[PDB]
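>>> 3D model of this:
(9 chains)
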Amino acid sequence: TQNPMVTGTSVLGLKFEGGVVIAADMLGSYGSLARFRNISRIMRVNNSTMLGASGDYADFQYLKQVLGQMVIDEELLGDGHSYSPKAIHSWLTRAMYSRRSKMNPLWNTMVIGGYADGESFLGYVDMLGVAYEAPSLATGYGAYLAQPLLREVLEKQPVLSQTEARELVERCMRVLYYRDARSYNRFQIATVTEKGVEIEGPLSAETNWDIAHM
Amino acid sequence: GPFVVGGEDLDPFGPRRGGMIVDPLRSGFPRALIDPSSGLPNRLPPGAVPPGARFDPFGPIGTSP
Amino acid sequence: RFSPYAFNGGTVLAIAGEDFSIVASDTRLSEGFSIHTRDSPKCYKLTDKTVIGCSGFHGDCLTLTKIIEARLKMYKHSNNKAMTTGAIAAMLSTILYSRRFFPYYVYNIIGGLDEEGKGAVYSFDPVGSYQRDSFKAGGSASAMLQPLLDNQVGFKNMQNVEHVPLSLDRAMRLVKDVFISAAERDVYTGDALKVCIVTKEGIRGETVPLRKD
Amino acid sequence: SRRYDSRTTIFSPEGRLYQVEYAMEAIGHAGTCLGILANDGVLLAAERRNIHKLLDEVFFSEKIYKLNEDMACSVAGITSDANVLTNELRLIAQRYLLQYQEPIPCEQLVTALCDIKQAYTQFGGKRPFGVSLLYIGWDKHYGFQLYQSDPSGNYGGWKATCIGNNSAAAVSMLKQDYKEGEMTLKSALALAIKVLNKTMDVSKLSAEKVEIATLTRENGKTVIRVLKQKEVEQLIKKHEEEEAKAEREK
Amino acid sequence: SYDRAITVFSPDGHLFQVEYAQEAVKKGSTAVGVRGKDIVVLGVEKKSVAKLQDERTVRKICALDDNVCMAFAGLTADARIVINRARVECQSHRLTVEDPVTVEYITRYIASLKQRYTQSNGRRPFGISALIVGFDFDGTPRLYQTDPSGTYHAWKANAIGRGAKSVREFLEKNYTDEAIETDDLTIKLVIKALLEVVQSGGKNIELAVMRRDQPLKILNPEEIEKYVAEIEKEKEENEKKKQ
Amino acid sequence: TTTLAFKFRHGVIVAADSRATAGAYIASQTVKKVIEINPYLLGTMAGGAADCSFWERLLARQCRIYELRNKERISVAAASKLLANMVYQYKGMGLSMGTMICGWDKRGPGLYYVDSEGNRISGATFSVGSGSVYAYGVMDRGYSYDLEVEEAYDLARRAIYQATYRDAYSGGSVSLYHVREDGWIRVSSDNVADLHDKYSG
Amino acid sequence: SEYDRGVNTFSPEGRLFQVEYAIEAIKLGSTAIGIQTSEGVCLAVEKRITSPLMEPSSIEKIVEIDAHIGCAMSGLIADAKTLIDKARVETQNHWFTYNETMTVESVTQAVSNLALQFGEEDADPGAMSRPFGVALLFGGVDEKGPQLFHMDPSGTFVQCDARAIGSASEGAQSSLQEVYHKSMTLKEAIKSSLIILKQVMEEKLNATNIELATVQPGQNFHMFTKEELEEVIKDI
Amino acid sequence: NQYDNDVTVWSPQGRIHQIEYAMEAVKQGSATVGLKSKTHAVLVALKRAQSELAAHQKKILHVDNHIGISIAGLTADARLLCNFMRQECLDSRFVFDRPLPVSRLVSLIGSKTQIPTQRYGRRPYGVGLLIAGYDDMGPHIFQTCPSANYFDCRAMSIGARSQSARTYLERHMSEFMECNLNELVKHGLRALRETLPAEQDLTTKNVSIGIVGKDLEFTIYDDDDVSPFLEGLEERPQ
Amino acid sequence: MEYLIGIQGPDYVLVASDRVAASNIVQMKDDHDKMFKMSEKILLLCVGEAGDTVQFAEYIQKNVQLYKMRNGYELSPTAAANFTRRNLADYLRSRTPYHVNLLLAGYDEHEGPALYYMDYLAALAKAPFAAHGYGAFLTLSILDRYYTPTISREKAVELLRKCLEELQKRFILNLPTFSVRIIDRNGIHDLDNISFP
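Numbering: from 1, shown residues only, chains lettered A, B, ... in the order given. Structure as follows:
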């Protein structure tokens, strides 16, 4: 993709004791226009992996189709082996790097969250093939607006509970709604635990506008 | 672009440029390429910031008007 | 347009001793003015005697490290033995030149022991031009650290100074100090220093914190 | 697939290529083509095997084909393979003219067609072309020339040669009667008429059963023309007159 | 697109197609090559003289370059193809190496081409044997011989084609260091070797001569008849020494 | 970079500097700019270090294959032609190589200049690199075919020293090679500071 | 009779017909002997000259694969030419890529990987239509010391302490079993090889009837000259 | 007859004779034995020497850190299959950064070996493999055939005179599961020795051992590393 | 810039070229031959881009020698010039174009002397005299002024010397020495170098 047409804004990820939480708004923007306000930018890969993406939504749909077909094939084999979140992250890195090396990139920045064998996974892949793991993630404008708060909390408290992680994610979503012009006040929160992947939404953040009288 | 090598190592004058060793950081790789207008409601005029002058970005990368 | 490259920071240092090799790097991954993560070491163990350090475009670094691992496995299968440090250096030179017209934006330093047991250090340019050195700094702070290594390890521009052979403890202290200075002056260097020591008894890793600003 | 393969390009236990020999038998079953080289020109004299009262008049010639401004050829064997080979010959001549802006020498054209024939006889699994060709032409290097090519790809230069039906008797007649260095086009035409008369023993000679073409140089130009019916009739009349004179004088 | 395996092994370990190509070579006209101190002589028998044939077009001796020339026995068209490929290779080597080829190099190229045609799908081996002669840069005379199988060897004197066994026996009985002392002696030796199987007494002999740093020269029938007359004179000398 | 080579009565003298630069930064002062292709063939590095090293290593492979096939060492002209044909296929794609192929063969001492642009010229004296003008001046002032071996060594060293003095991309140490009939020898490797002490002092 | 089957059909005994026929073709070649000792490897081949007008120096049944590897061939030498070229190219490619010398085992493996690459269908133009008809004896010195390897058109290759290939490979191998021992020296190996060659050759052994080459630690591939051969055959 | 020369020709009995001939080719090779415990998979191969002065042919090959194979049949076919498997494992580690599961590799081998059995001018792979691997599902022993069929085995033996080894494995399969590494290797060695004639005995020259396990990468013991496993083996019961 | 000049007389062709090989501001070679011997009576003179000249000239030379080897006789100068033009035109629109300026000089046993002019675009023109390079501007007027169709080889050498003296006087480039060759019925003869020390 040379010119992304319909794009998604920041996607956040955060690890807690027992799993990972991922949040993304439900808006697809056609430039400055908020054109598609009820799209889902978070996908369930398998019972232990979830994926959220920013950037071109058509490329995200293509990747969702390919990943779903891969999961279907692997479950068709039925031999007791399933893709781990780390394996999905590595495959995504390989695919993004291959697309970038052909000068035909997939215009996306994806967050991979997972929980397998009692350990949480949080992975980042961008359109150039740059990949890494971190206890917290934030793409797009969230890298400037949401990442500092998550990093501050994790520096004070390295290990968070699910409730604390969800509260911090909600605060970051509220800040993103305040300060990001391509964001929307209608988002989803996806959690992966030992029980599987659960996607909640649509959700709204409580906003304060008392500085308008100052 | 910044992967130029051997141009200036073979002839002092001529269109070709580059030393004996490839180093993008030493051949004008953008590194952190930031617009001077980033963080501003309006775009800066061409030549507002003279090269070599201490400049502080008005905002992070991606906030260019 | 579309840029297939990005600079992710990272400084890689290697010092070759009489019976040891040290490869050190910072663990900060960045892009532009932001920090991707504070734990991303640039040092990779290849064999029991070879450690490579890769800095620059991080996607290229990952791909190159994976390709090197695959080629080492292929060599071990085809030749029934592990690659030597010089063989790895020559193979990496060929691999880097294979992409001459679309280069890997990687700064590569190979540190290990040669066939005689002496420490060996190889520095690579992105298209595969390499030579054997005793010490080398590569990455974002290479220009800061190279003259200091010349002064302190090579004893350059000094008179009435005995060229005492470099010891492991002195080299470790020097590496830590130069990385502290680099973290002071370079914005891409910080948050940790990871040191890999290659001796005949194996490879030993060590971590030293740096400033996080 | 292996069961149905005929193996047309394999050696025999005696070192022979059977398909080539069978194509040469096909040549031997074809019509007589005769070529005689003279001092002032070279001619072709083919036997018209396509004779029928309901056949239409031929456009230019049944068996003689112009290859370029300086060369002509005569064919014996399978007719459609001959058409393919003549088209290829014209293509080769035009390609040489395009590359060098000079007319191709005759031997180079014969060599190219023979290379194609040999390529068919060596690989591909295809049957060989069942055509033998006679070549006449003029070039700046060797003047008037006469060449003969085989389906095997073998060629050679000649002063007088024959291919097709009863070619051995014609070759013996030419050996007895051809005079090297003394031949004129008139004497060559007389010899061609007598050889065609003797070889075509089953059918009496007539202008409707033979085709004659000559190649001459006229003021720096090559003239390839086919003799008209009256000219061939006059040639046959002169031959019969000479035969009657010999009968009287014996 | 034809990919049939034509040359295959037999139960006894023989390649029948190569053997049949050698049999086809055995039916060709006899070609004789003899290496001398300062000269190389190639002699080929004419199977029949037609008296109506342009002899220039049926020559069995040709030059591959300014220093290398060869003779052949077997299938004339396959020999023509091989000669053309060898000439192209000689020009390519003169281009890339900036030096004229050696006899061994072009012999190796020809032998490798023949071997390739003995082990490739959809084609049959060449039915020719070649006698490659020439002079190297240092001036050393060379004589090589290839066969349809693709093997080559260097020789002092050799004969291929039909009747090659008897001619080779004659060469073995007659090739001496004093029999090649002069160029005329070498020419007479080649003509005598050819005369052991041919009739007409030198009329059926095509003879060629190549000298150091000189172009290949073809003897006219007058010179060949003069040499044959000299050989008859030496036969009469042997007769007079007998009695 | 400054590399020079000249022919005289006792073979071919090859000299070079050892400084590699990245922009205005000196990446290395110990670069072996004289490539030992074979025990009988030498090459020089000027332009892209990776380009020259890779293509001269390919040339070394080709020469070894040629020796194995022909049972005779390749000639200097043939090796230079092989390198020129190899590099001509990538003309205009950005390769920057200027090299000298030096050796001794059946024709005597050989010296060819081959560049990535496609030039291939035999000559008596050559100088390649950004400092080649200064080396050209000094060498031409001091050159003669009848030079003695020590005089040739001194001339090559002095020319490279002057080139490093005047050129910002030339420096480090001077590596001197002598190509003789029975192969080349590595004569010396003298640091530029020591040469400054010897010459100015 | 020879086209009833394809080139890749199994016999009822589990053997490819063409490979067995190539193995049979090997037995028509001249005898070659390789002996591996702790001091090096020696290779000896019968030249089998057919006519005195032939030049024995043009027969090359021992070739130099690299400075540290030599090859002795038996069977159809024209078939061995391409395998030898492939071996040389592989050694040079390995030197180019890794700046080191190949091991003898890896060279033998690379050559043996070409043995079964034949077939009519599903083949590019210029592919092999039949197996090779040569047996190769690879002798060289690497970091594991001197080593001798044997290869046959079946694609199998093994390490050998002392082996013989060719027409007289049965009688020579039995002779090799008696004379050979682990503590054998290079001179003893050369003498025993020449003795066995003299026993198995029809003609009398001389400096022109045979080839002999050695590879030793610290010394390149070395083919014996006529004076060295005369010295060795002086007392046997 | 007329049905035994092509792989694309069915017989009137519904059989393909070329495949059976390739199975005979597998039966011609020297015997090898594969067996697994709860934690380890072991391959023991009976190597053969062409002559007294020839080294014994390699029979156990490295495929990956968790997979090794033992071959029986055409050695060039075995090398082709081993190269294909090595490439598949390397691709798996490159794309997913995880070891390729053994069952999926065996499925790939079967898919690759089925193709030549249905196309004119091709031939079946004349080699049979015993595959020992360890993954998340534990140790695995697999057997492949020229017929492109593969089997998941508790224990298996292929090669010449493998029926006696199979009988011994049948007898001791009940206790193969709870054995430790040394006991499992001794069981495999006894099964392999069952294939040997009475005058022949297992020695350090003709025995090759390949072991993979939970905490042990695939390793091959050939000449002097075999002696600890050979030590303790009782005399032949006759 | 390199300089070629050809002068055709009643029974000869006279050609000359500069012997300078130049890189940047430095003359690397003082005796550099730009004439390629196509046959016993054909000379090809080539200037243009580095590399292109030698590659194209040697390709043409090898093809002409291959023609002579295959056919037993040599190409005429007209046929060789047309073959060269055809190849250059074919390469013009291909992926590997050659930027070469050519002069073909040859003597034919029947046609006589011939001189051909070819530019880098592969347009072929037969001329009584021709020149290539920036020095052609300064010498073609002299050739037009003094050339006659019946000029003898001595007067042809004198006219060539006049042109080279004008090049010495007025050209900004240093072209001190020239190689001179003549083609007639006896082949190619190397004349004395014209030099200006």
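>>> tell me the contacts of the most centrally placed residue in chain F?
Centroid-nearest residue in chain F, with C-alpha atoms, centre = their mean: residue F:44, separated by 3.5 Å. Counting by C-beta atoms under 8 Å, 6 or more residues apart in numbering or on different chains, residue F:44 makes contact with F:3, F:5, F:14, F:16, F:33-35, F:52, F:98-100, F:102, F:128. Every residue, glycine included, has its C-beta placed from N, CA and C.
>>> longest helix in chain G, please.
helix G:77-98 (DSSP state H).
>>> okay, and the beta partners of the residue nearest to the centre of chain F?
Note on residue F:44: beta-bridge partners by DSSP bridges are residue F:34.
>>> counting by contacts, list what the longest helix of chain G packs against.
Packing contacts for helix G:77-98, counted by 3 or more C-beta pairs under 8 Å, 6 or more residues apart in numbering or on different chains; DSSP states H and E, involve helix C:85-97, helix E:103-118, helix F:49-70, strand G:62-66, strand G:69-75, helix G:104-112, strand G:134-142.
>>> all strands of the chain, in order?
All of this is about chain A. A:6-8, A:11-16, A:19-25, A:28-30, A:33-36, A:42-46, A:49-56, A:108-116, A:119-125, A:131-133, A:136-138, A:187-193, A:196-203 (DSSP state E).
>>> chain H is the one I meant
H:32-36, H:40-46, H:60-62, H:67-73, H:127-135, H:138-144, H:150-153, H:155-158, H:207-213, H:219-221.
>>> then the first one to PDB, C-alphas only?
If I follow you right, that is strand H:32-36. Extracted C-alpha coordinates of strand H:32-36, given in PDB (Å, rounded to 0.1, in the frame of the first residue of the first chain):
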ATOM      1  CA  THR H  32      18.000 -50.100  12.000                       C
ATOM      2  CA  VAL H  33      15.800 -49.900  15.100                       C
ATOM      3  CA  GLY H  34      13.800 -47.000  16.500                       C
ATOM      4  CA  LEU H  35      12.100 -46.900  19.900                       C
ATOM      5  CA  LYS H  36      10.900 -44.400  22.500                       C
END
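>>> contact partners of that strand?
Contacts of strand H:32-36 (C-beta under 8 Å, 6+ apart): H:41-46, H:59-60, H:70-72, H:130-132, H:139-141, H:143, H:153-159, H:165, H:169, H:176, H:184, H:187-188, H:191-192.
>>> for ChimeraX, what selects the buried ones among these?
Of the contacts of strand H:32-36, the buried ones go into a single ChimeraX selection, burial set by 16 or more other C-beta atoms under 10 Å in any protein chain shown:
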select /H:41,42,43,44,45,46,59,60,70,71,72,130,131,132,139,140,141,143,153,155,156,157,158,159,165,169,176,184,187,188,191,192
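>>> rewinding a little: distance to residue D:180 added to the helices and strands packed on helix G:77-98, as CSV?
Output for the helices and strands packed on helix G:77-98, formatted as CSV (distance: least, C-beta to C-beta, whole Å):
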stretch, distance to residue D:180
helix C:85-97, 70
helix E:103-118, 37
helix F:49-70, 50
strand G:62-66, 56
strand G:69-75, 54
helix G:104-112, 61
strand G:134-142, 55
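>>> most centrally placed residue in chain A?
Geometric centre of chain A, nearest residue: residue A:52, 3.0 Å, by C-alpha atoms, centre = their mean.
>>> contacting residues for that one?
By C-beta under 8 Å, 6+ apart, the residues touching residue A:52 are A:11, A:13, A:22, A:23, A:24, A:41, A:42, A:43, A:110, A:111, A:113, A:190.
>>> for residue H:225, state which of those residues is nearest.
The nearest member of those to residue H:225, counting by C-beta to C-beta, is residue A:113 at 46.1 Å.
>>> dig out what the closest one forms beta bridges with.
According to DSSP bridges, the residues that bridge with residue A:113 are residue A:50, residue A:122.
>>> state the distance from it to residue C:40.
19 Å (C-beta to C-beta, to the nearest Å).
>>> of these two, which one has the most company?
Each of residue A:113 and residue C:40 has its neighbours counted (other C-beta atoms under 10 Å in any protein chain shown); residue A:113 has more, 30 against 24.
>>> just checking, that one touches residue A:49?
Yes: Residue A:113 lies in contact with residue A:49 (C-beta atoms under 8 Å); the separation is 7.4 Å.
>>> which neighbours do those two have in common?
Common neighbours of residue A:113 and residue A:49, counting by C-beta under 8 Å, 6+ apart, are A:85, A:121, A:192.
>>> leaving out sequence neighbours, find the closest residue to the residue of chain I found nearest chain F.
For chain I and chain F, the shortest gap (C-beta to the nearest C-beta) falls at residue I:51, measuring 1.5 Å. Once flanking residues are discounted, residue I:51 sits nearest to residue F:118: 1.5 Å by C-beta to C-beta, 6 or more residues apart in numbering or on different chains.
>>> give me the buried positions along stretch F:179-199.
Buried, per 16+ other C-beta under 10 Å, within stretch F:179-199: F:179, F:184, F:187, F:190, F:192, F:195.
>>> ok, the residue of chain H at minimum distance from chain B - how many residues close by?
Distances between chain H and chain B by C-beta to the nearest C-beta are smallest at residue H:94, namely 25.7 Å. Using other C-beta under 10 Å, residue H:94 has 15 neighbouring residues.
>>> surely it touches residue C:71?
No: in this structure residue H:94 lies outside contact range of residue C:71 using C-beta under 8 Å: 11.0 Å.
>>> list the residues that contact both of these two?
The overlap between the contact sets of residue H:94 and residue C:71 (C-beta under 8 Å, 6+ apart) is empty.
>>> check contacts around residue D:84.
residue D:129.
>>> where's it, which helix or strand?
helix D:79-100 (DSSP states H and E).
>>> next helix or strand past that helix?
Heading C-terminal from helix D:79-100 (DSSP H and E), you reach helix D:106-122.
>>> can you pull the contacts of residue H:70?
Listed by C-beta under 8 Å, 6+ apart, the contact set of residue H:70 reads H:32, H:34, H:43, H:45, H:59, H:60, H:61, H:129, H:130, H:132, H:208, H:210.
>>> what sits opposite the nearest residue to residue E:167 once chain neighbours are set aside in the beta ladder?
For residue E:167, ignoring the flanking residues on the chain, the nearest one in space by C-beta to C-beta, 6+ apart is residue E:159 at 3.8 Å. Beta-bridge partners for residue E:159, by DSSP bridges, are residue E:32.
>>> so residue E:159 touches residue E:32, yeah?
Yes: at 4.7 Å, residue E:159 counts as touching residue E:32 under the criterion of C-beta under 8 Å.
>>> how much space between residue H:26 and residue A:156?
Noted for residue H:26: a distance of 67 Å to residue A:156, by C-beta to C-beta.
>>> ok, those two, which is more surrounded?
Relative neighbour count places residue H:26 above the other of residue H:26 and residue A:156, with 27 against 7, counting by other C-beta under 10 Å.
>>> any idea what the residue nearest to that one when sequence neighbours are not counted is bridged to?
Once flanking residues are discounted, residue H:26 sits nearest to residue H:128: 3.8 Å by C-beta to C-beta, 6+ apart. For residue H:128, the beta-bridge partners are residue H:72 (DSSP bridges).
>>> now the lengthiest helix in chain I, how far from the chain's geometric center?
Secondary structure of chain I per DSSP H: the longest helix is helix I:52-71. When distances are taken as C-alpha atoms, centre = their mean, to the nearest Å, helix I:52-71 is centred 16 Å away from the chain's centroid.
>>> just stretch H:12-26 next, same as before
Relative to its parent chain, stretch H:12-26 has a centroid offset of 20 Å by C-alpha atoms, centre = their mean.
>>> now that stretch: buried residues?
Applying 16+ other C-beta under 10 Å to stretch H:12-26 flags H:16, H:17, H:18, H:19, H:20, H:21, H:22, H:23, H:24, H:25, H:26 as buried.
>>> what do you get for stretch A:59-75?
Those would be A:59, A:60, A:63, A:64, A:67, A:71, A:74, for stretch A:59-75 by 16+ other C-beta under 10 Å.
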